[PDB]
Protein chains: 2
Amino acid sequence: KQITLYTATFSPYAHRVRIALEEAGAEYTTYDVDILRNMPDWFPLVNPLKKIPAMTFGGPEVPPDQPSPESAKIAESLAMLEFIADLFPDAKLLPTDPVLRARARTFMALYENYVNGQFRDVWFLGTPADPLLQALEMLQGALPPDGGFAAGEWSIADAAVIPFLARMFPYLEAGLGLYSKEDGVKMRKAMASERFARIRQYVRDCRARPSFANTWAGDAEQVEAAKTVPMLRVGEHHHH
Amino acid sequence: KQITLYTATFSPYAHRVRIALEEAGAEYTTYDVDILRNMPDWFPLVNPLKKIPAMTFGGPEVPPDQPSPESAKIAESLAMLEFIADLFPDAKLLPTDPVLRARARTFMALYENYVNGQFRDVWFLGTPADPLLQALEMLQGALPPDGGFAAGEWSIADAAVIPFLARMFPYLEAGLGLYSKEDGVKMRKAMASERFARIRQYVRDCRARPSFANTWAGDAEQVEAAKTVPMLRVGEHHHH
Ligand SMILES: [NH3+][C@@H](CCC(=O)N[C@@H](CSCC(=O)c1ccc(-c2ccccc2)cc1)C(=O)NCC(=O)O)C(=O)O
Ligand SMILES: [NH3+][C@@H](CCC(=O)N[C@@H](CSCC(=O)c1ccc(-c2ccccc2)cc1)C(=O)NCC(=O)O)C(=O)O
Ligand SMILES: [Ca+2]
């Protein structure tokens, strides 16, 4: 059955799903959608929430911009990750052991509930960096301290998290986001300090997999795509 | 292997996992924690995030207030729901079909990402009710139109969502929450109107299951428990 993923280079959510699909060895189509600046009129037929990513599954082979009513319409990046794991069980995108599977789901929830919001607020609103650094420390503390991925072996939990952590470093080095220069230097100093060695190793470990290389536009390209986001008003910074 | 769930009557998050455990037919212990008013000094050993629910799994049989370092410590309610589904496959707490499983996962993400924060903000900050009503209408649109549960058959997705929806109605009737009188009126009228027939049926159907009845203190008892929650300042309301 066919898979079509509606994507955008500047969407870390869509990135999650690309990574999973790579790890699964899936056959799939990707189709870019200019969701923030010029959504196509047909897009609400694949996702009525008007968000990227969106996925169609099965139905007749059709051009992405002519979706078919017969395909299943699948929304929400984390639901997609679990769906891909269900579709491709021999790819072992989750552990088999219940407790280790629980570590992956807990890690995804920790990221979604306590970290992701802080990234948004700091980068889009320029709120203080310290609560984000705290949340990143908490997340780092859920990793196996001696090495490995969230649940040991690689799982969809690492697909869920690497798109945001991998963007953090080059966006900081490029100055992109609404936070102050002061909070910028503070975040760059923290993320380079020994406080955060474990998370740097994790980013290295996730980035080294072909699933990241093959779904990453390059750091400089990703910075460029991110400047096309209006909520990231380039040249704007909030202070205290 | 033993299951201990650390609970509180006023935690809709813990309520989720009680429902799932009931639907699994599991043997388990529950243990209340006065998490907001007087957390026991040992509680960070079962959950370093200091939130309810917490779960221990396995290790030796010990009193809940003397947790053992050998038990698995499982945090985050949705991770616990998937864990229980994983532990008790014969209970069919998720569909076997992958598209149907994705409906369950999508429904949980729609709730967590667009509805839950509106409930929290309206009840605890008195933010405007209209965005909550719009998010509820969106969630109601994901239900199978003719009846049944989020993924057709009952699944953990309905354990995830019913604690919150089931609380909304008696909380409105008791005037519980920091929203204005006007928005209280608006919400009470909206949730009684034909616009939300479908979600009323959903609420009734979820509530009719023994998993709800056996984990619910009763409408007034839950109202009373909610009033013990600090951030529900009795006598405070916000107006815009
Ligand atoms: N819960 C959904 C969310 C999807 C979503 O919001 N999609 C966006 C894509 S655009 C999000 C994005 O461009 C973005 C960019 C950068 C970051 C970020 C990264 C690193 C550091 C700091 C911040 C975070 C988000 C959309 O379509 N939005 C359209 C709409 O909601 O109308 C899911 O899990 O699929
Ligand atoms: N992501 C976690 C959340 C856990 C959590 O925050 N637990 C609280 C429980 S306190 C009750 C509560 O959170 C709550 C939330 C919403 C309502 C409500 C509002 C409107 C309508 C109906 C019901 C009622 C109660 C805690 O321990 N917090 C302590 C801490 O965060 O330090 C999970 O999924 O387990
Ligand atoms: Ca519908």
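Atoms within each ligand, like the ligands themselves, are counted from 1 in listed order. A, B, ... follow the sequence lines: proteins, then strands. Residue 1 opens every chain.
Every atom of ligand 2 is numbered from 1 in the order shown, and the set under 4.0 Å from a heavy atom of B/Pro53 is 35 (O). Interface of B/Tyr114 with ligand 1, defined as ligand atoms under 4.0 Å from a residue heavy atom, comprises 1 (N), 2 (C), 3 (C).
Put simply, part of B/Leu36 is less than 4.0 Å from ligand 2, judged by heavy atoms.
In this comparison of B/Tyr13, B/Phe124, B/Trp123, B/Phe119, the heavy atom closest to atom 6 (O) of ligand 2 sits on B/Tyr13. Selection from B/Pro170, B/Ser77, B/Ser11 by nearest heavy atom to atom 35 (O) of ligand 2 gives B/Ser77. Comparing B/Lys51, B/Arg167, B/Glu76 by heavy-atom distance to atom 1 (N) of ligand 2, the nearest is B/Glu76. When the heavy-atom distances from atom 7 (N) of ligand 2 to B/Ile52, B/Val115, B/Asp121, B/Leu78 are ranked, the shortest goes to B/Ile52. Comparing A/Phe43, A/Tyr6, A/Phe164, A/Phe169 by heavy-atom distance to atom 19 (C) of ligand 1, the nearest is A/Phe164.
Nearest heavy-atom pair, A/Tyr202 versus A/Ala157, reported as atom, atom and distance to 0.1 Å: OH-O, 4.4 Å. Residue A/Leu172 comes nearest to A/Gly184 through the heavy atom pair CD2-O, 4.3 Å, listed as atom of the first residue, atom of the second, then distance.
In terms of protein heavy-atom proximity, atom 15 (C) of ligand 1 is closest to A/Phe10 O, 3.6 Å. For atom 14 (C) of ligand 1, the nearest non-hydrogen atom of the protein is A/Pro12 CD, 3.8 Å. Looking only at protein heavy atoms, the nearest one to atom 13 (O) of ligand 2 is B/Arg120 NH2, 3.4 Å.
For B/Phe57, the ring pair (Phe, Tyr, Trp, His ring centres under 6.0 Å) criterion is met by B/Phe83, not counting sequence neighbours.
Considering CD1 of A/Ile52 and OG of A/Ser77, their distance stands at 11.5 Å, rounded to 0.5 Å.
Around the Ca ion (ligand 3), protein N, O or S atoms at less than 3.0 Å number 1.
Counted by atom type alone, B/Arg198 and B/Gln201 present zero donor-acceptor pairs between their side chains at under 3.5 Å. Defined by atom type and a distance below 3.5 Å, a donor-acceptor pair is present between the side-chain atoms of A/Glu22 and A/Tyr28.
A salt bridge links B/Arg195 to B/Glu137: one of the charged nitrogens lies within less than 4.0 Å of a carboxylate oxygen.
Contacts of A/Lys50 with ligand 1, taken as heavy-atom pairs under 4.0 Å, involve the backbone alone.
The ring-ring contact (aromatic ring centres under 6.0 Å, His included) with B/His15 is formed by just one residue from the set B/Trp216, B/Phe164, B/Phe10; it is B/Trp216.
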>> As a quick check of understanding, evaluate side-chain hydrogen bond (donor to acceptor under 3.5 Å, both in side chains) for B/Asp130 and B/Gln134, giving each step before the final call.
In response: CA-CA 6 Å; B/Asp130 277 337; B/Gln134 178 174 338; over 6 Å; no
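Summarising the local packing, CD of B/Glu153 is surrounded by 12 or fewer heavy atoms from other residues, nucleotides or ligands at distances under 6.0 Å. When the shell of 6.0 Å around CD of A/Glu182 is examined, it contains 12 or fewer heavy atoms from other residues, nucleotides or ligands.
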